[PDB]
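Data first, discussion second: the structure below is written as structure tokens.
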Amino acid sequence: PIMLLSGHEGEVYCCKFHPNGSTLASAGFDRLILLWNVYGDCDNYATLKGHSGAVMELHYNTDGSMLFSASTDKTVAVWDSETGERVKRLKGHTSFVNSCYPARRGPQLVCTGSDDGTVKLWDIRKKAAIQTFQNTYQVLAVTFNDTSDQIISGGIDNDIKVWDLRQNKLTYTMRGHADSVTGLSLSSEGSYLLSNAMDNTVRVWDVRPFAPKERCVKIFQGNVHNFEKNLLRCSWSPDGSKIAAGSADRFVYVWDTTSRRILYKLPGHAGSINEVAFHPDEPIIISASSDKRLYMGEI
Amino acid sequence: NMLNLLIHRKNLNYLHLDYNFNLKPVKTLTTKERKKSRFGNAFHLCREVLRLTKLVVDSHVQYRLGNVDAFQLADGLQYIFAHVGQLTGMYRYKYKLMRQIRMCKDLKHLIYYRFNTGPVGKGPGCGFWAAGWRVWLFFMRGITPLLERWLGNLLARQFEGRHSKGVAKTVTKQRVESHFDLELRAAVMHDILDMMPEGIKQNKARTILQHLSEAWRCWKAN
Amino acid sequence: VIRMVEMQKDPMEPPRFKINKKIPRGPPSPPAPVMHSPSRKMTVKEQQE
Amino acid sequence: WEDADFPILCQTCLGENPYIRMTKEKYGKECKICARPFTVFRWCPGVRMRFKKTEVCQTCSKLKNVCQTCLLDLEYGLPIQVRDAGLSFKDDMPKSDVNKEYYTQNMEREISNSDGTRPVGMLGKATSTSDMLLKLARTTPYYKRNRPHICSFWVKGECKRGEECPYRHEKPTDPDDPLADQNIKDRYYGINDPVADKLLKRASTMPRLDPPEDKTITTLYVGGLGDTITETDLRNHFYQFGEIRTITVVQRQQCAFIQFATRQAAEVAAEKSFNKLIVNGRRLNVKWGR
Amino acid sequence: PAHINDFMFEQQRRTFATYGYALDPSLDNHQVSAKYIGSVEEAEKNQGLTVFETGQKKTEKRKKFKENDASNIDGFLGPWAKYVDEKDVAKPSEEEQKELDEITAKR
Amino acid sequence: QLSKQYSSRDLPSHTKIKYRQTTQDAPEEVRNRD
RNA sequence: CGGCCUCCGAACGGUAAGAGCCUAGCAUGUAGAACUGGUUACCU
RNA sequence: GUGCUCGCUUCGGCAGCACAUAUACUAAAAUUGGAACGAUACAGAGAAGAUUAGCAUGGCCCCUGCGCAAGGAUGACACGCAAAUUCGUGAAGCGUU
Ligand SMILES: O=P(O)(O)O[C@H]1[C@@H](OP(=O)(O)O)[C@@H](OP(=O)(O)O)[C@@H](OP(=O)(O)O)[C@@H](OP(=O)(O)O)[C@H]1OP(=O)(O)O
Ligand SMILES: [Mg+2]
Ligand SMILES: [Mg+2]
Ligand SMILES: [Mg+2]
Ligand SMILES: [Mg+2]
Ligand SMILES: [Mg+2]
């Protein structure tokens, strides 16, 4: 079925699954985080509270045991999916922290991209900062590398940047996007990384020990920007088979890794789609849009 | 101003409401105007309530101008509340008021006959106006929803117009007989003169009804 | 792209328009076909009756 | 009472900015024609332009197919009389009080059974846009409509409101002009509206190809041909329109002379092509040869 | 029935109002690019500056008065300070005046 | 075309519907009975 | 040791009903407003 | 316009940052039209011989009333062929096949 979900008062910016594929988390302008059950009637059990600013990015851990959520109010937050309660308020960010990423399968460690001009590394236990690479400017998305030893970030200056956690210098800078990059997501290959950018083009890259020195692999057309400049986010499928993107055009764009063909431009929405979520188990799609509700498409 | 705007909107130029809320004609009115210019209990209940309040606020204005006194104001207010019957003439329009009126008498007999227990005399100077004030405030608590309904209806009817299309008036006590005969002869016309016919051409039902009325008079005459 | 906003209603405002207008009732619906059984005859004697 | 989703208005009258902000008022005013209460929508046309308002019911609009405030037709955009004449329509909407209220009631009951998609009645049976209509049509938005009125004060000198004078502080138009007094009721009913008569005289003085005297003059002269045309192209211009009997493509004068097989066919072709047979961008002049 | 964000619509509208060009709103099923609609050359030469975004403008602001000491009895213009480059009367003159008299007679 | 007139008898009254209780005769029992 | 103290006022139903007549009021405060000027040639 | 730049940097300005972000049926008008149950004058009251009580029905008739009550001459108005699909005998006379 289409299964449209509602109950959010303002835009929903972020929607993602339990890494179980059991529960649903969505969040946006309303400054709180709603949860649902993916199966049955797609019903709502819990609501997490506390974040004073807009929830700009929610992120799971790789088991699903604690929840990370970047807020507009200069703070990140980690909470207990067990309870929904705050364990840590990552303060210290000197501006709008938009992006958050918990280290997967490494020591518990977090990279946060913010509007201060720094990327910040934090340990959850110490209540203190680890490292911080002030390049010059706002960083809009951040993701680790599966070694938990490089950190990738995308901002306003269009050159995707990667730092080595040990030498702490600009390890890898990649170029070719015509305007600001808005989204990074590294496939479960640990290798292929996906980049949305409102210049209307999406790109694919690969962080390896050895890469061709110019690793701009695949390129797809279709995404849109407009006077909104909303933050646009992408994802790989669980399989690295289909790329899903949203855009300010009300069209859910589903493409393939293989033939780069347009498998879908699906209508159904009313406002810009900000985030598409793939089920880690199923062919289930969840769209978070600025029309103050969500969609549950089955393909 | 509201009541005058009402009077003059209905195009009743021959009447005027003076400054103590008395309504007075400035001509001698023919029948057509004696009829066109009759008003209801909504208009008059509003008139009389405003007259009570003007009496009160004007006693206070006399106090504030320097004309009277603190004691004369207090006793004059007590007076006002005890004698609403002889100052307003409200009971004419909602006669249930006498509940209140009798109450403000009973209180006065209490207070007075405890006020003047000693050398204090039977004279005017007794203003302890809490009790009657309370009484008329509770009256107003009750009357405001009523009057808001009545005035809403009056204003609607004055601005939209009265609905003479689907009135559908009940059957009361003056229309019991006429209605019995309406329905009896409707029934008779349904009954055979259209459902046991085969006097095809024109079944003459208007003449069978004449037979029905004459059979009834013949019953009555034996 | 247009922004709809609904204008405030003044609480103290009487109705604005005259409601009571009379007109004859409209034409009904297209007459349905009269599906009867064929008529039989009335002799002269019955019409006498 | 009517109830709408948006106005239905000319692009001229809707404004210039792509982004407009507009207010609705439920049961706000009375249609000057339908006589019943409507919902009234008000928008600011542009910078320093008067706020405009929808001035006719949505049914009173769908019936005659016009813009609820601009009042001009929806596709072409001429006065209602002009469009009616060009569609050769005969609109029978009643005039007297009781008959008109009754007609409005039943027309509304029947338009309730619609899809909200196209006008009801002959306005679907008359959409064959004649070249006269297309020829009179406005081309770009005559946005002089939305400037404010004439300041009685600033016409007498008095508009002491500085530059904020609530009306265009220019010269008042001479009231003798026919384009001055056009009551809304007539402009909707199309009875003696001066702009309609002026535009009709303009359409009568507009160039159209003239017919000859003799029936035997079945050679048609097309002037301004150019040497990018072929005899087969002149055919394709005058081939399926009937039958052509011969074609002389005069290259020494850049013209053509088409002998036809049916007089009405060639007449329709050439008159319909008069200065407007635009094949390969050439203004050919269709006339009857000697 | 769209649902859009609020700061952005007013930003674009005020842009088109005071600058004359705007990021066109067409959300077409054929992917158009960001095109400045209206006074396109003005958007080009002005670098797309919005009325809300601060930008360098040496434009001569009209001269105004400033009497903001509220102790002078007829002194304080305060927030109600008139513009100094303003006129002191507003009227039409001899030719247009007689012409308007002639028109009001013609009417 | 909705009027703002009003009536003394159209005030809210008896605003809850009584339902037939467990012992009175509820549609369950009469569904059962012989 | 005995006490017991109702009420109370206003309207309609009565002083015709009508067509014309003419002038205040009282309502409106709008919508719209314009555009030009193309022509002939070969053999008896 | 307010403040701060460890801004020039004097205490003149300039600049930068922050803070502050879109009123309004635009009218003092100018229009344009209809009513006052007012005069004016006409006019002039059901039933049945006469004089009179009323309660209704019908609807492009209203008015007073909060009114689904009541009243308004029983509120007014409500009548000249209130003719509808459709004929044929009996006799005579005249002209015709
Ligand atoms: O006019 P009323 O409403 O009936 O009130 C008065 C009055 O009270 P005010 O002082 O407020 O006018 C008298 O009071 P005094 O003469 O005592 O000062 C007096 O009451 P008294 O009987 O006590 O004199 C009199 O009554 P009555 O006519 O029987 O003397 C009467 O009050 P009632 O309600 O007692 O009549
Ligand atoms: Mg009587
Ligand atoms: Mg009689
Ligand atoms: Mg009666
Ligand atoms: Mg009588
Ligand atoms: Mg009657």
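No Cβ is skipped: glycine too gets one built from the backbone with ideal geometry, and neighbour counts run over all protein chains shown. We did not get these values from a lab; they are worked out from the coordinates using the rules stated.
Say each of D:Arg283 and A:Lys49 gets a label point 7 Å from the Cα, pointing the same way as Cα to Cβ; how far apart are those two points in nm?
7.7
Based on other C-beta atoms within 10 Å, arrange D:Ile111, D:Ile217 from fewest to most. Each step should come with its number before you reach the end.
Values: D:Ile111 16, D:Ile217 13.
Ordered from fewest to most neighbouring Cβ atoms within 10 Å, D:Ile111, D:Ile217 come out as D:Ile217, D:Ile111.
Between the range E:1-44 and the range A:102-165, how many Å separate their Cα centres?
Taking the Cα centre of each part, the range E:1-44 and the range A:102-165 sit 35 Å apart.
Calculate how steeply helix B:41-65 sits against the longest principal axis of the alpha-carbon atoms of chain B, using the helix alpha-carbon long axis, and give the answer as 0 to 90 degrees to the nearest 10.
It is inclined by approximately 10 degrees.
Check which residues have an amide H placed less than 5 Å from A:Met56's amide H, if you skip close sequence neighbours.
HN-HN under 5 Å from A:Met56: A:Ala70, A:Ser71, A:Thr72.
Go through the range D:1-78 and name the GluC sites (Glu not before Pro) that are in a DSSP coil and have 16 or fewer other Cβ atoms within 10 Å of their Cβ. Don't jump to the answer; show the numbers that get you there.
Numbers: sites: D:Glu2, D:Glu16, D:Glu25, D:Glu30, D:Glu55, D:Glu75; in loops: D:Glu2, D:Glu16, D:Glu55, D:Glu75.
Those that pass, being in a loop and sparsely packed, are D:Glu75.
Cross-link partners among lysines for B:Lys173, C-alpha distance below 18 Å, same-chain residues fewer than 8 apart left out?
Counting by Cα, and skipping residues close in sequence, B:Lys173 has no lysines nearby.
Give the residue from E:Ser93, E:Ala2, E:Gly75 lying farthest towards the positive end of the charge dipole for chain E; charges sit on Cβ (+1 for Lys and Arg, -1 for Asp and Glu) and the dipole is referred to the Cα centre.
E:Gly75
Taking the Cα centre of chain A as the origin and placing charges on Cβ (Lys, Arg +1; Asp, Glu -1), which of A:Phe278, A:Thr173, A:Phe144 is farthest toward the positive end of the dipole?
Result: A:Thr173.
Give the average, rounded to an integer, of partner chain Cβ atoms located within 10 angstrom of each Cβ in D:46-53. Don't jump to the answer; show the numbers that get you there.
On the way: counts 2, 4, 0, 0, 0, 0, 0, 0.
Per-residue shielding by partner chains comes out at 1.
What is the packing order of peptides A:139-145, B:72-78, D:225-231, taking the mean over residues of other C-beta atoms within 10 Å and listing the highest first?
Top of the packing list down: A:139-145, B:72-78, D:225-231.
Take the alpha carbon atoms of the range D:1-38, find their center, do the same for the range D:188-209, and report the distance between the two centers in whole angstrom.
Using only Cα atoms, the two centres lie 28 Å from each other.
Evaluate the distance, in nm, between pseudo-label points positioned 7 Å from the Cα of A:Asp281 and of D:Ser112 along their respective Cα→Cβ axes.
Distance between the two pseudo-spin positions: 5.3 nm.
Shielding by partners for D:28-34, please: the mean number of other protein chain Cβ atoms within 10 Å of each residue's Cβ.
For peptide D:28-34, the averaged partner shielding equals 1.
In terms of modelled amide H atoms, which long-range or inter-chain residues lie less than 5 Å from the amide H of A:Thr182?
For A:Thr182, whose amide H was placed from the backbone, the distant partners under 5 Å are A:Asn196, A:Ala197, A:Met198.
For chain A, just the Cα atoms, rotate onto the principal axes and tell me the three extents in Å, largest first.
50, 44, 35
Which entries of D:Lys160/E:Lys64; A:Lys49/A:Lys126; D:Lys32/D:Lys100; E:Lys57/E:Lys82; D:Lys156/D:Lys185; B:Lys36/F:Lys4 show an alpha-carbon separation above 21 angstrom in the structure shown?
Among D:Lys160/E:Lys64; A:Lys49/A:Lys126; D:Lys32/D:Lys100; E:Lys57/E:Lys82; D:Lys156/D:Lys185; B:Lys36/F:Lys4, the Cα-Cα distance tops 21 Å for A:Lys49/A:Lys126; E:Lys57/E:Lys82; D:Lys156/D:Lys185; B:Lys36/F:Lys4.
Once amide H atoms are built 1.01 Å from N in the peptide plane, which residues 5 or more positions from D:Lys287, or in another chain, come under 5 Å H to H?
D:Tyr221, D:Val222, D:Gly223
Using each residue's phi in the range D:194-201, evaluate 6.51 cos²θ - 1.76 cosθ + 1.60 at θ = phi - 60° and report the 3J(HN,Hα) Karplus result to the nearest Hz, with x for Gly and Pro.
x, 4, 5, 5, 5, 5, 6, 4
How big is the charge dipole of the protein assembly as shown about its Cα centre, in debye rounded to the nearest 20, if each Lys and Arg gets +1 on its Cβ and each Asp and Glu gets -1 on its Cβ? Write out the running numbers ahead of the final one.
Details: 150 positive and 118 negative charges, 937 e Å.
Roughly 4500 debye, rounded to the nearest 20.
So how strong a dipole does chain A carry about its Cα centre when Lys and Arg Cβ are +1 and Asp and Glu Cβ are -1, to the nearest 20 debye? Each step should come with its number before you reach the end.
Working: 32 positive and 33 negative charges, 163 e Å.
So the magnitude is around 780 debye.
What does the charge dipole of chain E about its Cα centre add up to, to the nearest 20 debye, if the Cβ of each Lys and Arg holds +1 and the Cβ of each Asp and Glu holds -1? All intermediate terms of the calculation are to be shown ahead of the outcome.
Values: 17 positive and 21 negative charges, 48 e Å.
Dipole magnitude for chain E comes out near 240 debye.
Would you mind checking the tilt of helix E:6-18 against the longest principal axis of the Cα atoms of chain E, expressed as 0 to 90 degrees and rounded to 10?
50
With a point put 7 Å past each Cα toward its Cβ, work out how far B:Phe71 is from D:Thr205 in nm, to one decimal.
Spacing of the two 7 Å Cα→Cβ label points: 9.8 nm.
Along its principal axes, what span do the Cα atoms of the protein assembly as shown show, with the longest given first and each in whole Å?
Extents along the principal axes: 118, 112, 101 Å.
Quote the FRET efficiency, to the nearest 0.05, computed for B:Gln210 versus B:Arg9 with a Förster distance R0 of 56 Å and r equal to the Cβ-Cβ distance.
Working: r = 53 Å, r/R0 = 0.94.
Rounded to the nearest 0.05, the efficiency is 0.60.
Taking the Cα atoms only, what angle lies between the long axis of helix B:176-191 and the longest principal axis of chain B, rounded to 10 degrees?
Relative to chain B, helix B:176-191 is tipped by roughly 30 degrees.
Using DSSP loop states and a limit of at most 15 other Cβ atoms within 10 Å to flag GluC sites (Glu not before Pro), what is the longest stretch of chain E containing no flagged site?
E:1-52
Between the range A:194-218 and the range B:15-76, how many Å separate their Cα centres?
The range A:194-218 and the range B:15-76 have Cα centres spaced 89 Å from each other.
I need the semi-axes of the equivalent ellipsoid of chain E: take the C-alpha gyration tensor, multiply each eigenvalue by 5, square-root it, list largest first in whole angstrom. All intermediate terms of the calculation are to be shown ahead of the outcome.
Values: eigenvalues 334, 154, 48 Å².
For chain E, the semi-axes come out at 41, 28, 15 Å.
How large is log10 of I(q)/I(0) for chain C at q = 0.13, 0.19, 0.20, 0.31 Å⁻¹ when the intensity is taken from the Debye formula with one equal scatterer per alpha-carbon?
Debye intensities relative to I(0), on a log10 scale: -0.80, -0.92, -0.93, -1.20.
Using a Förster distance of 60 Å, how high is the FRET efficiency between B:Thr144 and B:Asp191, based on the Cβ-Cβ distance and rounded to 0.05? Intermediate results must be reported in sequence, preceding the final value.
On the way: r = 54 Å, r/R0 = 0.91.
The calculated FRET efficiency here is 0.65.
How long is chain D along each principal axis, judged by its Cα atoms, biggest number first, in Å?
69, 51, 39
Tell me which of A:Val207, A:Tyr60, A:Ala25 sits at the most positive position along the dipole axis of chain A, charges placed on C-beta atoms (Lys, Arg +1; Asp, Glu -1).
A:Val207
Taking the highest mean first, how do the peptides D:116-129, C:2-15, B:50-63 order by number of other beta carbon atoms within 10 angstrom per residue? It would help to have the intermediate numbers written out before the result.
Details: D:116-129: 13.4, C:2-15: 10.5, B:50-63: 14.9.
The densest-packed peptide leads the list: B:50-63, D:116-129, C:2-15.
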